Amino acid sequence: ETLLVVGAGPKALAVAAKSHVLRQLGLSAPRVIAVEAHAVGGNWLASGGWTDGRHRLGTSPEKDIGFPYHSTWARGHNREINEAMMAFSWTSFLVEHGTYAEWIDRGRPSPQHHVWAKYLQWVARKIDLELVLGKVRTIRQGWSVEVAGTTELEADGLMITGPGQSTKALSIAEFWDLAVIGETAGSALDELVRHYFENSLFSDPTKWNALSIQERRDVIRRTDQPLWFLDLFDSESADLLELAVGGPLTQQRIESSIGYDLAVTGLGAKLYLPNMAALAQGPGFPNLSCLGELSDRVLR
Amino acid sequence: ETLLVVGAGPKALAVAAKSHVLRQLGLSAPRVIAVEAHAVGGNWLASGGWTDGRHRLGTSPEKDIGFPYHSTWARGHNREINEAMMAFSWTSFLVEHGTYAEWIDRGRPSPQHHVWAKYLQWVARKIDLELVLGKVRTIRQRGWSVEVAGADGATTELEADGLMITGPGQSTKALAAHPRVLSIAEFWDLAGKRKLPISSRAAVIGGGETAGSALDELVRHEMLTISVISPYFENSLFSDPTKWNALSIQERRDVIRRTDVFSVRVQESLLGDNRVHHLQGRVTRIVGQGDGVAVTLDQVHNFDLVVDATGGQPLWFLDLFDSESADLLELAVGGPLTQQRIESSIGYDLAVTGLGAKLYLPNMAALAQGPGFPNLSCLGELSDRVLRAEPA
Ligand SMILES: Cc1cc2nc3c(=O)[nH]c(=O)nc-3n(C[C@H](O)[C@H](O)[C@H](O)COP(=O)(O)OP(=O)(O)OC[C@H]3O[C@@H](n4cnc5c(N)ncnc54)[C@H](O)[C@@H]3O)c2cc1C
Ligand SMILES: Cc1cc2nc3c(=O)[nH]c(=O)nc-3n(C[C@H](O)[C@H](O)[C@H](O)COP(=O)(O)OP(=O)(O)OC[C@H]3O[C@@H](n4cnc5c(N)ncnc54)[C@H](O)[C@@H]3O)c2cc1C
């Protein structure tokens with residue numbers, strides 16, 4: 001009945017929103033709480049350090065919080081959840097702001113990172129996101145999260161989102177105040193020269209486990225600081241994570257551990273790591289390719 | 001309280017869904033009946049004679065039944081209506097069918113007309129459109145009573161308070177009676193049969209989607225030549241006419257004229273065909289000339305075959321009115337029934353100003369209200385104008 005999320009980004013909002021509709025439809029769903037160091041949609045803003053905010057989303061903005069508003073496998077009230085959910089869509093956003101015609105008339109431009117933010121923030125308003133402003137300091141098991149506002153929050157499930165800190169590698173974060181490695185790569189390479197089947201799986205990965213591990217890894221390869229989050233775990237809880245995983249915390253190990261609901265599910269408590277559910281469950285889960293199956297996974 | 005619509009296509013659905021929304025949502029609206037001679041969305045099917053049904057819609061399909069879900073002016077339960085209305089969108093249609101991931105993933109391909117008919121049809125199922133299957137034959141004041149003839153041979157008279165005309169004419173109607181002048185429908189029939197005379201000096205009149213589709217069919221036949229005859233801020237005026245009145249008649253007239261050319265896809269297939277040439281000017285005169293047909297623009301051209309893909313004859317509807325109602329409109333409109341005169345009469349609710357009963361003529365509304373009303377560019381504003389506007 002209570003699910004904590006590190007970061008208030010697309011995934012956080014994706015999970016929250018789906019929870020908002022489920023319970024509001026007579027169905028059960030976790031109460032959803034995001035802890036967020038900076039702001040809803042923070043990593044899409046200039047002050048987030050990962051981008052200037054000016055470069056454009058590199059996937060179609062329709063691929064949003066509820067996309068693709070469909071399940072190959074789900075149970076119960078599918079028609080009505082989808083419908084409810086489209087209320088929080090990109091198109092729904094444009095139409096509340098009365099700019100939907102402008103969008104269409106301009107040729108559907110891909111939005112700036114900073115407007116994608118406005119979107120996220122808007123979804124937060126729309127579902128009255130239960131939001132804790134603060135920085136997750138440490139995590140431990142049932143989970144208890146130390147948030148520096150310094151205080152603790154107990155929750156039953158836990159989701160980690162974000163690619164980490166734009167400051168920790170210059171660092172990309174430093175790079176936007178003023179030999180380059182790695183989309184993010186795509187952008188900053190940009191501002192330096194001056195100074196159907198594969199795609200289906202990203203949005204629909206329910207045929208994922210019917211092609212070789214060699215094949216999947218290839219889809220993940222060519223797709224283009226992943227373990228940053230380990231730091232948040234005390235030794236005690238990282239230990240407990242080393243166990244379920246069945247060895248030291250690399251990602252041959254972490255990735256393969258990750259179950260159908262995006263949770264490891266070798267522990268006494270659920271830890272959701274969608275950013276590492278590419279190889280196991282579907283290559284879109286790490287990003288914006290299918291936020292709606294992601295939400296579907298952790299709540300249904 | 002009751003609104004009769006000639007034809008069940010985008011505009012009928014635009015208005016009837018907005019009706020259905022509003023009635024279910026407390027607010028008042030008329031029961032909306034649509035009389036349709038063929039099928040819901042029939043003019044987007046091959047069987048409607050206007051298209052082979054396989055060509056693609058040239059406007060973004062997001063410009064649908066409720067677009068753009070926003071009024072500068074209309075107030076009332078707006079969020080609840082836009083939210084209700086988006087249920088009937090292209091997007092929703094794709095989502096209810098599971099195909100939305102594929103649509104996005106394929107690059108948002110524009111739908112084939114016949115898929116756009118499936119959309120229209122789906123919306124009809126979804127709003128439980130009150131549909132009457134027959135041809136409107138006669139319209140007449142006294143509200144309106146309209147004669148509808150079923151295929152069963154029966155003929156009944158529906159009555160209504162208000163009436164909207166939709167549709168662009170008849171596909172079987174060339175602009176000139178001559179067997180070498182072909183209505184668009186005869187074209188599809190003959191194209192389909194490969195019975196278009198080999199090595200003809202063919203002409204296609206028209207400059208829009210109807211002409212675009214047919215040029216694209218006709219390049220597939222062994223024609224000798226194929227001559228084509230036609231005469232952001234802008235774009236925005238199609239979706240949002242609110243600032244249309246802040247423009248002169250030569251300004252407003254020159255947006256409506258650019259409204260005519262062709263698809264980027266079709267453009268290529270024509271750009272890269274040595275037989276296809278473009279001819280400028282206006283068809284002042286068509287007359288048979290023995291073996292061929294002679295078309296005047298002056299300049300005279302002869303052709304072994306002419307295809308009328310103008311996309312409609314806009315006063316076609318007048319042929320439905322009886323003398324009484326025609327005169328009655330001639331009086332309201334202030335002179336004889338020319339295009340110009342009838343356009344000049346269109347009010348803000350899209351109806352003829354100063355007429356005893358309500359006659360909604362969206363297709364005539366470009367000049368006076370906005371250039372999107374005739375087409376798929378602002379169906380949601382249209383529905384508003386005919387249902388939610390109050391004074392004048
Ligand atoms: C510039 C950029 C562009 C991208 N473009 C796309 C794209 O176009 N399409 C696509 O599919 N994917 C793309 N990606 C991949 C992308 O990272 C994921 O799609 C995206 O991160 C999903 O957001 P999220 O919810 O996982 O985390 P984010 O939205 O990045 O949110 C993480 C949040 O956590 C907060 N935070 C950080 N540390 C802490 C802490 N210790 N405690 C509490 N809060 C914290 C931050 O302020 C931030 O708000 C892009 C990535 C970047 C960096
Ligand atoms: C092939 C084609 C392509 C077009 N492409 C576009 C486009 O891509 N984008 C755009 O904005 N606009 C385009 N247009 C302009 C187009 O006509 C309008 O945009 C669109 O027609 C809206 O249709 P409607 O509701 O007015 O009527 P329609 O969709 O034509 O339907 C009218 C209905 O009337 C029925 N009918 C005819 N006579 C009678 C009668 N006596 N009684 C009862 N029913 C009758 C027909 O069966 C038909 O179903 C196109 C037009 C054509 C012909």
# chains A, B, ... in the order shown; residues from 1 in each chain; ligands from 1
call {"tool": "residues_around", "arguments": {"residues": "residue B:46", "least_positions_apart": "2", "cutoff": "12 Å", "atoms": "only C-alpha atoms", "output": "CSV table (one decimal) with N, CA, C and O atoms, in the first residue's frame"}}
result
chain,number,residue,atom,x,y,z
B,38,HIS,N,-25.7,6.4,-48.5
B,38,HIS,CA,-24.8,5.3,-48.9
B,38,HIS,C,-24.2,4.7,-47.6
B,38,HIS,O,-24.6,3.6,-47.2
B,39,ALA,N,-23.4,5.5,-46.8
B,39,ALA,CA,-22.9,4.9,-45.6
B,39,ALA,C,-22.2,6.0,-44.8
B,39,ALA,O,-21.9,7.0,-45.4
B,41,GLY,N,-19.3,7.9,-43.6
B,41,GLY,CA,-18.0,8.1,-44.3
B,41,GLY,C,-18.0,7.6,-45.7
B,41,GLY,O,-16.9,7.4,-46.3
B,42,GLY,N,-19.2,7.4,-46.3
B,42,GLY,CA,-19.2,6.9,-47.7
B,42,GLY,C,-18.4,7.6,-48.8
B,42,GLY,O,-17.9,6.9,-49.7
B,43,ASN,N,-18.3,8.8,-48.6
B,43,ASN,CA,-17.5,9.6,-49.6
B,43,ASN,C,-16.0,9.4,-49.5
B,43,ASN,O,-15.2,9.9,-50.3
B,44,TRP,N,-15.6,8.6,-48.5
B,44,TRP,CA,-14.2,8.2,-48.3
B,44,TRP,C,-13.9,6.8,-48.7
B,44,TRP,O,-12.7,6.3,-48.6
B,48,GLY,N,-18.2,5.4,-52.9
B,48,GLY,CA,-18.7,6.8,-53.0
B,48,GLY,C,-18.3,7.5,-54.3
B,48,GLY,O,-18.8,8.6,-54.6
B,49,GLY,N,-17.5,6.9,-55.2
B,49,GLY,CA,-17.1,7.5,-56.4
B,49,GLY,C,-16.1,8.6,-56.4
B,49,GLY,O,-15.6,9.0,-57.4
B,50,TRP,N,-15.9,9.2,-55.2
B,50,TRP,CA,-14.8,10.2,-55.2
B,50,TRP,C,-13.4,9.8,-55.0
B,50,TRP,O,-12.5,10.6,-55.4
B,51,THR,N,-13.1,8.6,-54.6
B,51,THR,CA,-11.7,8.1,-54.4
B,51,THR,C,-11.7,6.6,-54.7
B,51,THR,O,-12.7,6.0,-54.7
B,52,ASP,N,-10.5,6.1,-54.8
B,52,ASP,CA,-10.4,4.6,-54.9
B,52,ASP,C,-10.3,4.1,-53.5
B,52,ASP,O,-10.3,2.9,-53.3
B,53,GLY,N,-10.2,5.0,-52.5
B,53,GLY,CA,-10.3,4.6,-51.1
B,53,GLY,C,-8.9,4.2,-50.6
B,53,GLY,O,-8.7,4.0,-49.4
B,54,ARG,N,-7.9,4.2,-51.5
B,54,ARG,CA,-6.5,3.7,-51.1
B,54,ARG,C,-5.6,4.9,-51.0
B,54,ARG,O,-4.6,4.8,-50.3
B,55,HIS,N,-5.9,6.0,-51.6
B,55,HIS,CA,-5.1,7.2,-51.4
B,55,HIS,C,-5.2,7.7,-50.0
B,55,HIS,O,-6.2,7.5,-49.2
B,112,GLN,N,-5.1,5.9,-45.3
B,112,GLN,CA,-5.9,5.7,-46.5
B,112,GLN,C,-7.3,6.1,-46.2
B,112,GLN,O,-7.9,5.8,-45.2
B,113,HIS,N,-7.9,6.8,-47.2
B,113,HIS,CA,-9.3,7.2,-47.1
B,113,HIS,C,-10.2,6.2,-46.5
B,113,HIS,O,-11.0,6.6,-45.7
B,114,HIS,N,-10.1,5.0,-47.0
B,114,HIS,CA,-11.0,4.0,-46.4
B,114,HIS,C,-10.8,3.7,-45.0
B,114,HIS,O,-11.7,3.2,-44.3
B,115,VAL,N,-9.6,4.0,-44.4
B,115,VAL,CA,-9.3,3.9,-43.0
B,115,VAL,C,-9.9,5.1,-42.3
B,115,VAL,O,-10.5,5.0,-41.2
B,117,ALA,N,-12.6,6.3,-43.4
B,117,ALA,CA,-14.0,6.0,-43.3
B,117,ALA,C,-14.2,5.1,-42.1
B,117,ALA,O,-15.2,5.3,-41.3
B,171,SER,N,-20.6,12.6,-57.1
B,171,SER,CA,-19.3,12.2,-57.8
B,171,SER,C,-19.6,11.8,-59.2
B,171,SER,O,-18.7,11.8,-60.0
B,184,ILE,N,-15.9,12.2,-61.9
B,184,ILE,CA,-14.8,11.5,-61.1
B,184,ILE,C,-15.2,10.1,-60.9
B,184,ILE,O,-14.3,9.2,-61.1
B,185,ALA,N,-16.4,9.8,-60.6
B,185,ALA,CA,-16.9,8.5,-60.5
B,185,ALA,C,-16.7,7.6,-61.7
B,185,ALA,O,-16.4,6.4,-61.6
B,186,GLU,N,-17.0,8.1,-62.9
B,186,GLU,CA,-16.9,7.3,-64.1
B,186,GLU,C,-15.4,7.0,-64.3
B,186,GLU,O,-15.0,5.9,-64.7
B,187,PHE,N,-14.5,8.0,-64.0
B,187,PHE,CA,-13.1,7.8,-63.9
B,187,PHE,C,-12.7,6.6,-63.1
B,187,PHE,O,-12.0,5.7,-63.7
B,188,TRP,N,-13.1,6.5,-61.8
B,188,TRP,CA,-12.7,5.4,-61.0
B,188,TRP,C,-13.3,4.1,-61.6
B,188,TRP,O,-12.6,3.1,-61.6
B,189,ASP,N,-14.5,4.1,-62.2
B,189,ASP,CA,-15.0,2.9,-62.7
B,189,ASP,C,-14.2,2.4,-63.9
B,189,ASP,O,-13.8,1.3,-63.9
B,191,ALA,N,-11.1,3.5,-64.8
B,191,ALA,CA,-9.7,3.2,-64.3
B,191,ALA,C,-9.7,1.8,-63.9
B,191,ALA,O,-8.9,1.0,-64.4
B,192,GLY,N,-10.6,1.5,-63.0
B,192,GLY,CA,-10.7,0.2,-62.4
B,192,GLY,C,-10.9,-0.9,-63.4
B,192,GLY,O,-10.4,-2.0,-63.3
B,213,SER,N,-5.5,12.4,-56.1
B,213,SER,CA,-5.7,10.9,-56.2
B,213,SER,C,-5.8,10.4,-57.7
B,213,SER,O,-5.3,9.3,-58.0
call {"tool": "interface_residues", "arguments": {"of": "chain B", "to": "chain A", "cutoff": "12 Å", "atoms": "only C-alpha atoms", "output": "ChimeraX atom specification"}}
result
/B:59-64,66-73,78-108,232-241,377-381
call {"tool": "select_by_dssp", "arguments": {"residues": "stretch 103-226 of chain B", "states": "alpha helix (DSSP H)", "output": "PyMOL selection string"}}
result
chain B and resi 103-105+113-127+184-193+209-218
call {"tool": "write_last_selection", "arguments": {"atoms": "N, CA, C and O atoms", "output": "short mmCIF file (atom, residue, chain, number, x, y, z; two decimals), in the first residue's frame"}}
result
data_model
loop_
_atom_site.label_atom_id
_atom_site.label_comp_id
_atom_site.auth_asym_id
_atom_site.auth_seq_id
_atom_site.Cartn_x
_atom_site.Cartn_y
_atom_site.Cartn_z
N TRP B 103 1.08 2.98 -35.15
CA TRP B 103 0.96 4.24 -35.86
C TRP B 103 2.17 5.11 -35.54
O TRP B 103 2.89 5.53 -36.45
N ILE B 104 2.41 5.35 -34.25
CA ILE B 104 3.55 6.17 -33.84
C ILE B 104 4.83 5.53 -34.39
O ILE B 104 5.66 6.18 -35.02
N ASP B 105 4.99 4.24 -34.19
CA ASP B 105 6.26 3.64 -34.57
C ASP B 105 6.48 3.68 -36.07
O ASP B 105 7.63 3.72 -36.51
N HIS B 113 -7.93 6.75 -47.24
CA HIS B 113 -9.30 7.24 -47.10
C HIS B 113 -10.19 6.24 -46.52
O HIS B 113 -10.97 6.57 -45.66
N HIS B 114 -10.09 5.01 -46.95
CA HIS B 114 -11.00 3.99 -46.44
C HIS B 114 -10.79 3.68 -44.95
O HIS B 114 -11.73 3.20 -44.30
N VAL B 115 -9.59 3.99 -44.41
CA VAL B 115 -9.33 3.87 -42.98
C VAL B 115 -9.93 5.09 -42.31
O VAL B 115 -10.48 5.01 -41.19
N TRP B 116 -9.84 6.24 -42.96
CA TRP B 116 -10.54 7.41 -42.44
C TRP B 116 -12.04 7.13 -42.45
O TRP B 116 -12.75 7.52 -41.51
N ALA B 117 -12.55 6.34 -43.40
CA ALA B 117 -14.01 6.02 -43.27
C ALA B 117 -14.24 5.14 -42.05
O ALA B 117 -15.21 5.31 -41.33
N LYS B 118 -13.36 4.16 -41.84
CA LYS B 118 -13.47 3.33 -40.62
C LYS B 118 -13.45 4.18 -39.35
O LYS B 118 -14.24 3.92 -38.45
N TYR B 119 -12.62 5.22 -39.29
CA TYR B 119 -12.68 6.13 -38.14
C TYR B 119 -14.07 6.75 -37.96
O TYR B 119 -14.65 6.66 -36.92
N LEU B 120 -14.58 7.37 -39.00
CA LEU B 120 -15.87 8.04 -38.99
C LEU B 120 -16.91 7.08 -38.53
O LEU B 120 -17.74 7.41 -37.66
N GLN B 121 -16.82 5.88 -39.10
CA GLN B 121 -17.78 4.84 -38.78
C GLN B 121 -17.69 4.46 -37.34
O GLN B 121 -18.73 4.17 -36.70
N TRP B 122 -16.46 4.42 -36.81
CA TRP B 122 -16.27 4.00 -35.45
C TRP B 122 -16.88 5.02 -34.53
O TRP B 122 -17.59 4.67 -33.57
N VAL B 123 -16.63 6.29 -34.82
CA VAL B 123 -17.23 7.36 -34.06
C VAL B 123 -18.74 7.21 -34.07
O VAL B 123 -19.37 7.27 -33.04
N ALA B 124 -19.33 6.96 -35.24
CA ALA B 124 -20.79 6.70 -35.32
C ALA B 124 -21.27 5.59 -34.38
O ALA B 124 -22.20 5.80 -33.62
N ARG B 125 -20.65 4.42 -34.43
CA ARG B 125 -20.90 3.37 -33.42
C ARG B 125 -20.74 3.92 -31.99
O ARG B 125 -21.60 3.70 -31.14
N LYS B 126 -19.68 4.69 -31.74
CA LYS B 126 -19.43 5.14 -30.38
C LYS B 126 -20.41 6.16 -29.81
O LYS B 126 -20.70 6.13 -28.62
N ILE B 127 -20.88 7.08 -30.63
CA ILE B 127 -21.88 8.05 -30.18
C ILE B 127 -23.31 7.55 -30.41
O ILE B 127 -24.26 8.25 -30.12
N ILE B 184 -15.85 12.22 -61.90
CA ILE B 184 -14.80 11.54 -61.12
C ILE B 184 -15.17 10.07 -60.90
O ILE B 184 -14.33 9.18 -61.08
N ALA B 185 -16.44 9.81 -60.63
CA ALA B 185 -16.89 8.45 -60.46
C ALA B 185 -16.74 7.59 -61.69
O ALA B 185 -16.41 6.43 -61.56
N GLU B 186 -16.96 8.13 -62.89
CA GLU B 186 -16.85 7.31 -64.10
C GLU B 186 -15.38 6.98 -64.27
O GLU B 186 -15.04 5.88 -64.69
N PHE B 187 -14.54 7.96 -63.99
CA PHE B 187 -13.11 7.77 -63.94
C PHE B 187 -12.66 6.55 -63.11
O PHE B 187 -11.98 5.67 -63.65
N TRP B 188 -13.06 6.48 -61.84
CA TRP B 188 -12.72 5.35 -61.04
C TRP B 188 -13.28 4.09 -61.63
O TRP B 188 -12.61 3.05 -61.63
N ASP B 189 -14.46 4.15 -62.18
CA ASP B 189 -15.04 2.93 -62.71
C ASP B 189 -14.22 2.43 -63.88
O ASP B 189 -13.83 1.25 -63.93
N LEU B 190 -13.98 3.33 -64.81
CA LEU B 190 -13.20 3.06 -65.99
C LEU B 190 -11.74 2.74 -65.66
O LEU B 190 -11.20 1.79 -66.18
N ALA B 191 -11.11 3.53 -64.80
CA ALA B 191 -9.74 3.25 -64.34
C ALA B 191 -9.71 1.83 -63.87
O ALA B 191 -8.91 1.05 -64.36
N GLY B 192 -10.62 1.49 -62.95
CA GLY B 192 -10.71 0.16 -62.39
C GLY B 192 -10.86 -0.91 -63.44
O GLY B 192 -10.37 -2.01 -63.28
N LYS B 193 -11.55 -0.60 -64.54
CA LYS B 193 -11.72 -1.59 -65.61
C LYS B 193 -10.61 -1.57 -66.66
O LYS B 193 -10.62 -2.38 -67.57
N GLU B 209 -7.38 17.31 -53.47
CA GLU B 209 -7.08 15.91 -53.15
C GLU B 209 -7.76 14.98 -54.14
O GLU B 209 -7.24 13.88 -54.43
N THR B 210 -8.91 15.43 -54.65
CA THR B 210 -9.69 14.64 -55.59
C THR B 210 -8.89 14.57 -56.88
O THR B 210 -8.76 13.50 -57.49
N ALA B 211 -8.34 15.70 -57.30
CA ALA B 211 -7.51 15.71 -58.47
C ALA B 211 -6.15 14.98 -58.19
O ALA B 211 -5.71 14.13 -58.98
N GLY B 212 -5.51 15.29 -57.08
CA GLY B 212 -4.29 14.52 -56.65
C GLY B 212 -4.44 12.99 -56.75
O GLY B 212 -3.68 12.36 -57.44
N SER B 213 -5.46 12.40 -56.11
CA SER B 213 -5.69 10.93 -56.23
C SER B 213 -5.83 10.42 -57.67
O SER B 213 -5.35 9.34 -58.01
N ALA B 214 -6.49 11.18 -58.52
CA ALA B 214 -6.88 10.68 -59.84
C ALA B 214 -5.74 10.80 -60.81
O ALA B 214 -5.60 9.98 -61.72
N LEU B 215 -4.98 11.88 -60.67
CA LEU B 215 -3.67 12.02 -61.37
C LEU B 215 -2.75 10.83 -61.04
O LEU B 215 -2.11 10.22 -61.92
N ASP B 216 -2.72 10.49 -59.77
CA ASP B 216 -1.95 9.33 -59.33
C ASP B 216 -2.47 7.99 -59.87
O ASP B 216 -1.67 7.09 -60.12
N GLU B 217 -3.79 7.81 -60.04
CA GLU B 217 -4.27 6.62 -60.76
C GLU B 217 -3.87 6.68 -62.22
O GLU B 217 -3.36 5.72 -62.78
N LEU B 218 -4.06 7.84 -62.85
CA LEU B 218 -4.05 7.95 -64.30
C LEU B 218 -2.63 7.82 -64.92
O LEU B 218 -2.44 7.33 -66.04
#
call {"tool": "residues_around", "arguments": {"residues": "residue A:124", "least_positions_apart": "6", "cutoff": "9 Å", "atoms": "only C-alpha atoms", "output": "PDB file with N, CA and C atoms, in the first residue's frame"}}
result
ATOM      1  N   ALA A   8      11.344  12.440  -9.416  1.00  0.00           N
ATOM      2  CA  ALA A   8      10.003  12.712  -9.974  1.00  0.00           C
ATOM      3  C   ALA A   8      10.190  13.002 -11.458  1.00  0.00           C
ATOM      4  N   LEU A  13       6.099   9.582 -12.584  1.00  0.00           N
ATOM      5  CA  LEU A  13       4.810  10.078 -12.958  1.00  0.00           C
ATOM      6  C   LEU A  13       4.030   8.976 -13.638  1.00  0.00           C
ATOM      7  N   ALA A  16       2.776   6.812 -10.790  1.00  0.00           N
ATOM      8  CA  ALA A  16       1.810   7.560 -10.004  1.00  0.00           C
ATOM      9  C   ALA A  16       0.462   7.681 -10.730  1.00  0.00           C
ATOM     10  N   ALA A  17       0.521   8.076 -11.996  1.00  0.00           N
ATOM     11  CA  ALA A  17      -0.679   8.373 -12.737  1.00  0.00           C
ATOM     12  C   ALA A  17      -1.517   7.115 -12.827  1.00  0.00           C
ATOM     13  N   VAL A  40       9.866  18.428 -10.055  1.00  0.00           N
ATOM     14  CA  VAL A  40       9.228  17.517 -11.002  1.00  0.00           C
ATOM     15  C   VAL A  40       9.789  17.828 -12.371  1.00  0.00           C
ATOM     16  N   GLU A 130       1.797  13.178  -4.855  1.00  0.00           N
ATOM     17  CA  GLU A 130       2.239  13.284  -3.466  1.00  0.00           C
ATOM     18  C   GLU A 130       3.754  13.417  -3.498  1.00  0.00           C
ATOM     19  N   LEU A 131       4.249  14.613  -3.254  1.00  0.00           N
ATOM     20  CA  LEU A 131       5.629  14.918  -3.584  1.00  0.00           C
ATOM     21  C   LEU A 131       6.438  15.288  -2.329  1.00  0.00           C
TER      22      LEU A 131
END
call {"tool": "residues_near_ligand", "arguments": {"ligand": "ligand 1", "cutoff": "7 Å", "atoms": "only C-alpha atoms and all ligand atoms", "output": "PDB file with C-alpha atoms, in the first residue's frame"}}
result
ATOM      1  CA  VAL A   6      13.555   8.207  -6.121  1.00  0.00           C
ATOM      2  CA  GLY A   7      13.167  11.067  -8.581  1.00  0.00           C
ATOM      3  CA  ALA A   8      10.003  12.712  -9.974  1.00  0.00           C
ATOM      4  CA  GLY A   9      10.567  12.024 -13.637  1.00  0.00           C
ATOM      5  CA  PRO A  10       8.654  10.272 -16.417  1.00  0.00           C
ATOM      6  CA  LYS A  11       8.727   6.904 -14.666  1.00  0.00           C
ATOM      7  CA  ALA A  12       7.685   8.281 -11.292  1.00  0.00           C
ATOM      8  CA  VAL A  35      11.087  12.050  -3.427  1.00  0.00           C
ATOM      9  CA  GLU A  36      12.714  14.651  -5.631  1.00  0.00           C
ATOM     10  CA  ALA A  37      15.893  16.643  -4.980  1.00  0.00           C
ATOM     11  CA  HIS A  38      15.228  19.383  -7.517  1.00  0.00           C
ATOM     12  CA  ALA A  39      11.774  19.602  -9.168  1.00  0.00           C
ATOM     13  CA  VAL A  40       9.228  17.517 -11.002  1.00  0.00           C
ATOM     14  CA  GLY A  41      10.789  17.005 -14.421  1.00  0.00           C
ATOM     15  CA  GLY A  42      14.199  18.192 -13.045  1.00  0.00           C
ATOM     16  CA  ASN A  43      16.499  16.289 -15.450  1.00  0.00           C
ATOM     17  CA  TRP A  44      14.876  17.911 -18.425  1.00  0.00           C
ATOM     18  CA  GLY A  48      19.354  19.667 -14.119  1.00  0.00           C
ATOM     19  CA  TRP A  50      21.997  16.771 -18.448  1.00  0.00           C
ATOM     20  CA  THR A  51      20.883  19.218 -21.093  1.00  0.00           C
ATOM     21  CA  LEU A  57      13.210  15.093 -27.417  1.00  0.00           C
ATOM     22  CA  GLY A  58      14.544  12.404 -29.653  1.00  0.00           C
ATOM     23  CA  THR A  59      11.521  10.145 -29.520  1.00  0.00           C
ATOM     24  CA  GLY A 134      14.308  16.409  -0.574  1.00  0.00           C
ATOM     25  CA  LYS A 135      17.335  14.349  -1.451  1.00  0.00           C
ATOM     26  CA  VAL A 136      17.325  10.628  -0.782  1.00  0.00           C
ATOM     27  CA  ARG A 137      20.517  10.133   1.244  1.00  0.00           C
ATOM     28  CA  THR A 161      14.625   6.314 -11.469  1.00  0.00           C
ATOM     29  CA  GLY A 162      17.123   8.592 -13.152  1.00  0.00           C
ATOM     30  CA  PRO A 163      20.509   8.030 -14.816  1.00  0.00           C
ATOM     31  CA  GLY A 164      22.218   9.546 -11.728  1.00  0.00           C
ATOM     32  CA  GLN A 165      23.962  12.901 -11.353  1.00  0.00           C
ATOM     33  CA  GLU A 183      21.434  10.703 -27.012  1.00  0.00           C
ATOM     34  CA  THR A 184      23.128  12.860 -24.383  1.00  0.00           C
ATOM     35  CA  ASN A 275      16.611   1.367 -15.985  1.00  0.00           C
ATOM     36  CA  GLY A 284      11.919   0.405 -23.854  1.00  0.00           C
ATOM     37  CA  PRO A 286      14.752   2.200 -19.418  1.00  0.00           C
ATOM     38  CA  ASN A 287      13.366   5.189 -21.261  1.00  0.00           C
ATOM     39  CA  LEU A 288      10.202   6.814 -22.731  1.00  0.00           C
ATOM     40  CA  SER A 289       9.473   4.125 -25.304  1.00  0.00           C
TER      41      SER A 289
END
call {"tool": "residues_around", "arguments": {"residues": "residue B:340", "least_positions_apart": "5", "cutoff": "12 Å", "atoms": "only C-alpha atoms", "output": "JSON, numbers by chain"}}
result
{"B": [249, 253, 314, 315, 333, 334, 335, 345, 346, 364, 365, 366, 367, 368]}
call {"tool": "write_last_selection", "arguments": {"atoms": "C-alpha atoms", "output": "compact mmCIF listing (two decimals), in the first residue's frame"}}
result
# COMPACT_ATOMS: atom_id res chain seq x y z
CA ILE B 249 -11.72 40.32 -48.60
CA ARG B 253 -10.13 35.43 -50.77
CA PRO B 314 -20.62 23.79 -54.33
CA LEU B 315 -24.17 24.88 -55.08
CA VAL B 333 -29.54 36.15 -49.42
CA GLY B 334 -30.54 39.42 -51.07
CA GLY B 335 -30.30 38.49 -54.76
CA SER B 345 -24.83 35.59 -46.01
CA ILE B 346 -23.10 33.13 -43.61
CA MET B 364 -20.18 28.00 -47.84
CA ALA B 365 -18.60 29.55 -44.76
CA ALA B 366 -15.07 30.09 -45.78
CA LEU B 367 -15.07 33.77 -46.70
CA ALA B 368 -17.22 35.05 -43.86
call {"tool": "residues_around", "arguments": {"residues": "residue A:173", "least_positions_apart": "5", "cutoff": "7 Å", "atoms": "only C-alpha atoms", "output": "CSV table (one decimal) with C-alpha atoms, in the first residue's frame"}}
result
chain,number,residue,atom,x,y,z
A,49,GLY,CA,22.8,19.6,-15.9
A,50,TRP,CA,22.0,16.8,-18.4
A,166,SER,CA,25.0,15.0,-14.3
A,167,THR,CA,27.9,16.2,-12.2
call {"tool": "closest_residue", "arguments": {"among": "B:325, B:131, B:369, B:198", "to": "residue B:344", "atoms": "only C-alpha atoms"}}
result
B:369
call {"tool": "select_by_dssp", "arguments": {"residues": "stretch 195-276 of chain B", "states": "strand (DSSP E or B)", "output": "ChimeraX atom specification"}}
result
/B:201-205,225-230,276
call {"tool": "residues_around", "arguments": {"residues": "stretch 213-218 of chain A", "least_positions_apart": "2", "cutoff": "10 Å", "atoms": "only C-alpha atoms", "output": "list in words"}}
result
residues 198, 208, 209, 210, 211, 220, 221, 222, 223, 278, 279, 280, 281, 282 and 283 of chain A
